Amino acid sequence: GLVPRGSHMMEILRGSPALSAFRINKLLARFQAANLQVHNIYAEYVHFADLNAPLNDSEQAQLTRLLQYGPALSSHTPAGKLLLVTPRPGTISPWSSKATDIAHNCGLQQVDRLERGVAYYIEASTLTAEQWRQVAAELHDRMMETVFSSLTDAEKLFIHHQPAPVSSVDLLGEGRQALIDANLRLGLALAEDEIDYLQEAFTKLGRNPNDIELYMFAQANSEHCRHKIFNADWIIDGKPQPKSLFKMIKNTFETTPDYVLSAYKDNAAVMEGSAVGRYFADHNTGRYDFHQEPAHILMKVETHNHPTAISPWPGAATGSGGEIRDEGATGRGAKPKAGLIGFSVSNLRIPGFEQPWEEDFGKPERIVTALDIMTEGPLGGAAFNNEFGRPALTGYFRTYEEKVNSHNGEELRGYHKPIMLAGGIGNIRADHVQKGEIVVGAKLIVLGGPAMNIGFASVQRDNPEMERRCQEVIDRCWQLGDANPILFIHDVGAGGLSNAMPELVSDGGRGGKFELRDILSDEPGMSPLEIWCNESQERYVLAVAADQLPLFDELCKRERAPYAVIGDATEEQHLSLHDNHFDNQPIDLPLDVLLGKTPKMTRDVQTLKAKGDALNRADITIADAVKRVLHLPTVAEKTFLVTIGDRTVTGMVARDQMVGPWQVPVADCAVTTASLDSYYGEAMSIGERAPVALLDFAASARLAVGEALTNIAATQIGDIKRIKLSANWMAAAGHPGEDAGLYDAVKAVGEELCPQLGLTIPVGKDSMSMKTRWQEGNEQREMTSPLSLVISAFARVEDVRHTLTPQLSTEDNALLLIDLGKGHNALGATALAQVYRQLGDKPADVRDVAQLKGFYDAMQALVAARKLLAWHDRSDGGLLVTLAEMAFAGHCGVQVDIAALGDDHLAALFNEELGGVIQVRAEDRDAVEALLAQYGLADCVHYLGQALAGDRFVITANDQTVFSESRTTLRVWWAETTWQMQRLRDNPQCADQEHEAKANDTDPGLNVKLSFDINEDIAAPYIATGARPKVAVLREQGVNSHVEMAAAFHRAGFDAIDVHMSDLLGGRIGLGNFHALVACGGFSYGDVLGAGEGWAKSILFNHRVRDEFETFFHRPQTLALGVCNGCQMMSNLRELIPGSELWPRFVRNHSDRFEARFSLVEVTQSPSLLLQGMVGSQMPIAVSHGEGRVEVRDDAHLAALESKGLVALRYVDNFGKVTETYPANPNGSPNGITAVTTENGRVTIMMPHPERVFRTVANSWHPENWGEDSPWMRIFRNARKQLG
Ligand SMILES: Nc1ncnc2c1ncn2[C@@H]1O[C@H](COP(=O)(O)OP(=O)(O)O)[C@@H](O)[C@H]1O
Ligand SMILES: [Mg+2]
Ligand SMILES: [Mg+2]
Ligand SMILES: [Mg+2]
């Protein structure tokens, strides 16, 4: 289908079936839900290749071949009305970018841009003209897509628009009315005092302000960027206040500057880490080596709220993405390590799962429902974390939408405008913590992908791989130690370049002259205002010395990370933006003019305090209360938000959400090791309790600090001063009583609580318009969020191994409760109250500062002395939930008595006061109690009872049964939410299977069977000779699992070398000098055009390199391992590998969702050399993949594979049998297949990640007697011995 397009040719190539069986059954059942009689529906992908030059015969074949991918589903001949859905015209989907890279990397330079769409074929002869428009709607997201009626209509996507000129606003010729008009038109949202500034400014200059200059100024001065509320003066109840919000927060740093390396001086904070071995490839040798040096820790937590309300997936994706840029741009370069996610929404109201407290209060048309946010949002954030390569180890998810009697009387409080939170931690070198000086004449560079028109405008666009490439460049720079060319690096986020650049030069006491036409752009038609102010993603601005340019270029190219020099640093503090096309100057301004601050903001507010009504307990019984509480999304299991995101990448994850043999998501905090050779590390926890604000502001804030602390309490940290905090404030500024409450809240923690505990707040952010106004019926309605503080705690871990979890032990034990509520048992603004549609009287609060510090100090002591068996703090759901979740984690029973907890049983069980339950060895009870008394906690400590093998959850009181149920029953109820979420989001069959497996109490959980000695380093004799064979650690743009892959081969005695595909395509390296090659995991090219396919075809199409691989595979004694993406890549290299004729393809999972699981596999009999002596073994392994399902060409191909004896690994359930049941088998591979070898066994490919779990500490769960090495370390040692 080759049709012209003015200057280029627009080729139309037909793709494979786009929708799976269950997906189609869903669409049809959804059509009838609107009375649309549709006989049958058939979707099919269609590719559109806008190419410049002609495509030769052999090249046309290679193109078609690039475009044949994905699951081999049922293919039908088109029939019915056609509806082509494609990205909206003038927009370039991320798919287009990655797919076009591949085309280029395959030598198809003629391809100007590849783009995809989905051709729907609907048979429904009954539908009217109007009913059709209704159908087209169900088939596309109006925010980013459009529907066509012809495959020809796709030409409208590659149109060449003429470069738009800069527009001037005639102030000199029309007066102030010119700025008034533009402010409205361009939508600048400038306050009267700002228009005055602009008027005087340009009057003094004597010229007209360009639109680009006005927008740039407007963006720099918005609330989001200026934070006027946080720096404003205050008058509360007719009384002037001495400090601003910011100043009060800075107070925590003044009283406690301990361990802080940087704060409020970067877009991230830095704290002291631990001296450990930083592992990376040397610049000169290309070999990975351990560098003994301090690995300081940086942190940051951001919010991408508003965007998420309009378009969830991209809104969440870019929220995490922009935050990753802030970490990477810390100082002169830093490396992101682990992530965290936060979500706050209104009631889910899941169809057919309506909860007792849920009421429909309507919502604005312009935004999406609570459910859609939780359906697409998490996938969006996880998408960026997965494709980029940083584990998502902790987070929170809370629902709240209720008409309640609060500070401003009866109102609708909730989250129609959601809280989308993303943050993380990272490592940074000591000498890079401080930003260097910007020398005059320094080249100003933009690192990242070509800009597009973004910022309806709230619909973002993420290209995670692009950022992965950029990060690799930043990594090469800081690894150059002193030679690090990066002088000053800054991230590009809000305000696009118009903000980022003026900020970079300004922070360096310089100015900058730029060239608009030096900026990389994907769409020519942009105006100077659009090229300079657009908010496209994956961009960094940095400064590099003139003489270091050749090096920076050498680095960017090797990583395929696009960059561009767009300006020069100048002496005079003056911003200049020249345009070469029109030969004019869009920007010409003195920096103090553009950055000139308007008068200080001053808020005169008054206090509002909610009356608060007693809890009406008419329909409240302890039994129904338990059932209700476990069904509140805030309390319920979060598996739908956890398994969708990677949790093992980097091989440094010690403690993830999933806990124990039964992998229950109840881990209170996250923990990572500082490196691949140390037991030190970092920790992350989250404290949040927003509902409490609807009654008391300071209390809610205090509780956030408290919970964060109690959630991290069971980790070996030491001095509390090591725990650094991040404070994120979500509020509805202007709303009655929120301003006085926010000040009171910020003060409560900034001036009082945090300084008293010795806790610093080096980072923070704000989002001040957390409200939503609309008209559902005939009148005005409003959904106001409560003041919402989200505290993120961070700390250097002393010993990663001593971290405690909620996994109970059935051995002789003692369940002790640390009740920090001091008997208060408050029920106000709790989960119990929410579950019965109420707010209640009085909420919880930090009752005694000294005891909270004492609590933490005591916990630190018990953790160091190894006197604790388990720990779980009390938060949402109360003591009931803490105990329930512990039982869930230990897969056992609980026998507790609550008579000493006060006469009010409901209160003792459902109050959300700080504290928790510790489990100690029975013989250790008295000593632990005495210790707990030493910190003055005796009155708060109460012996609850003990953990017992079984299925009974029994709560008594002096001699009466207060509550008793099947532990499995509570567990299954507690799961219903994630079950329902997975049913509507994933393959119903999978979600169901996973849910039903939890009802089977006989589940033994993950267990081990070892056919060999886990501690016998069989490679030691070899390593001892000093002779170290080199292994080619092969990566491609997008690979993110290469470092831990090299560290694994390193421990086995190899000298791992960093071999990038560019290195091969450039002749810098040759496989001839290697006896071993390993293809690493990740998301090469963002898995576009089939996971692993672009990477593989990149080799196959370049005959020189192709032969390099074939020659390697055809040698007599060479080894080759392929993990994950590598497994997928190599499976497409069958023609190059001898004895791989029977290998299968790896495609989309049956669940149709990314699976990051700790799955149990068994080592089967095969010629495989890397699995020597492991046959028969059964151990769990890291699984992070979305296209790992084995697929054969027909049953004959599968029988043939089985009879040839090529299967190396199979998934097995916890009972030991090979299973195709989910999630024990995460992808749905036939006969549990996830590893296959060749006839000679010299080549082995597999989906699981053995290299991520070679260290016992990197295993989510493992037997208590394992030493340093896990069973999987054997794979690597086997490779060394085999080489000799
Ligand atoms: N949005 C989220 N994303 C990822 N993990 C999450 C999210 N919300 C909760 N989790 C994880 O689920 C587990 C339980 O969450 P939650 O019940 O909120 O914990 P807690 O009770 O300690 O506050 C934790 O391990 C937590 O990190
Ligand atoms: Mg909880
Ligand atoms: Mg907790
Ligand atoms: Mg929490």
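Counting begins at 1 with the first residue displayed.
Just so it is clear, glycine is given a Cβ too, placed from its N, Cα and C backbone atoms.
According to Swiss-Prot, the features are:
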- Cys1124: active site, nucleophile (ACT_SITE)
- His1249: active site (ACT_SITE)
- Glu1251: active site (ACT_SITE)
- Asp668, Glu707, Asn711, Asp873: Mg(2+) binding site (BINDING)
- 1031-1284: domain 'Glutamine amidotransferase type-1' (DOMAIN)
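DSSP gives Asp873 (Mg(2+) binding site) a strand state. Within 10 Å of the C-beta atom of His1249 (active site) sit 27 other C-beta atoms, taking all shown protein chains into account.
Taking all protein chains in view, 28 other C-beta atoms sit within 10 angstroms of the C-beta of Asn711 (Mg(2+) binding site). Mapped onto three states, the DSSP output places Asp668 (Mg(2+) binding site) in coil. Cα of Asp668 (Mg(2+) binding site) to Cα of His1249 (active site): a span of 25 Å. Other Cβ atoms within 10 Å of the Cβ of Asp873 (Mg(2+) binding site) number 25 in total over all chains.
A C-beta separation below 8 Å, combined with a sequence spacing of at least six in one chain, links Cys1124 (active site, nucleophile) to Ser1041, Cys1080, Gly1081, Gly1082, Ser1184, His1185, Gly1188, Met1247, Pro1248, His1249. Listed recorded positions: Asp668, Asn711, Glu1251. Those with a CB atom under 6 Å from ligand 3: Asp668, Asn711. Chain break remark: 19 residues absent between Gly455 and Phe456, end-to-end distance 9 Å (Cα atoms, rounded to whole Å). Only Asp668, of the recorded positions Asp668, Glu707, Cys1124, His1249, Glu1251, place a Cβ under 6 Å from an atom of ligand 1. Secondary structure at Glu1251 (active site), as computed by DSSP, is helix.
Taking the Cα atom of each, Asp873 (Mg(2+) binding site) and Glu1251 (active site) are about 33 angstrom apart. According to DSSP, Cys1124 (active site, nucleophile) is assigned to coil rather than to any helix or strand. Highlighted in sequence order, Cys669, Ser685, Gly687, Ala708, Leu709, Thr710, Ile712, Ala713, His872, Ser875, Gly916 have their Cβ within 8 Å of the centre of the Cβ atoms of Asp668, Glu707, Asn711, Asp873, the residues recorded for Mg(2+), and are not part of that set.
Between the C-alpha atoms of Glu1251 (active site) and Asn711 (Mg(2+) binding site), the distance comes to 30 Å. Residue density at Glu707 (Mg(2+) binding site): 26 other Cβ atoms are found within 10 A of its Cβ, drawing on all protein chains shown.
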